[PDB]
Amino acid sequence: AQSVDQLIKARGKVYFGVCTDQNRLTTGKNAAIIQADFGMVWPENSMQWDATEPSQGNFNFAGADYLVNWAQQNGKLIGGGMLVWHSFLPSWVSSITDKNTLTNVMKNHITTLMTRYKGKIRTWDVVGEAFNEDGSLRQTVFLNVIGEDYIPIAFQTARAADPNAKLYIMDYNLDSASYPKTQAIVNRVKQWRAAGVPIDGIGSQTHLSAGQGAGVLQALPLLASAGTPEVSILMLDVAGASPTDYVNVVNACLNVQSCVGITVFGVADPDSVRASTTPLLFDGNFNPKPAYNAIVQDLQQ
């Protein structure tokens, strides 16, 4: 019955958030649960590249406008993204082979989305999933055509477009301190910031198997050692939804001063991409699960 967003605010954090979109807000009990329990919303799909720029320079904002308007009406913070990602890319982007062309396409995509919502978006995920598992840079069209400068260019462009937004890089499999990807993103973000690249946060896209929450207690402090002003947990889900794993992720954020909050990947189990693992905090009747109650109790104490 208690609101995890209200309780995490009382502990000095900024939000407990959730991913959603128009399709969810008009079905189930998603809107009522988000109103009650979550302080920030993120677009599942409506701000990805294939949704917003399906043909070059032919932008479609309908889904994204719906979410932003709903969030403002209901007093919720808004996160946006992903601005630069190799998934959900339209084919017209991935066929460009010219550096100047792709650089201008990328800057225009970033600037157009960020200007439309200027001042209304707390956090933008600027670049996502830029690292391979061995810590090398993922060979996406942006890396292949622009070079490693594409990441500085993307963040510099985003800062100019809306200097009020917090700018994040995001990746998954950052859940263990000794994993090569964890080491690499920390080292590269340190170097980028030392050269003045405006990276405000690292977002950890946390998709856990049973028992992996304990590792986050060590991994998240390591991510925070890169020196960004903020870190966060994003797109969180946990196979089996054990209270032990969920409470460990919450405690990791409570233990890390720069952790501003946690976002879960959805509201109810049946709408998960891995629904067979019942990995979310509400069940198929929209009742809170034991893991939700455990987080409430941990935050109350």
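Numbering starts at 1 and follows the sequence shown.
- When the mean C-alpha temperature factors of 194-202 and 91-99 are read from the deposited coordinates, 91-99 comes out higher.
- Between the stretches 215-223 and 147-155, it is 147-155 that shows the larger average CA temperature factor.
- Comparing C-alpha B-factors across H207, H109, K76, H86 in the deposited entry, the largest value falls on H86.
- Of all the options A71, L174, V141, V126, the entry's greatest CA B-factor is assigned to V141.
- The entry lists a Cα temperature factor for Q183 that places it in the middle third of the chain's modelled residues.
- Split the chain's modelled residues into thirds by C-alpha temperature factor. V296 is in the lowest one.
- Looking at the C-alpha B-factors along this chain, the one for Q35 belongs to the lowest third.
- For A160, the recorded CA B-factor ranks within the highest third of the chain. Only modelled residues enter the ranking.
- Sort the modelled residues of the chain by CA B factor and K289 lands in the lowest third.
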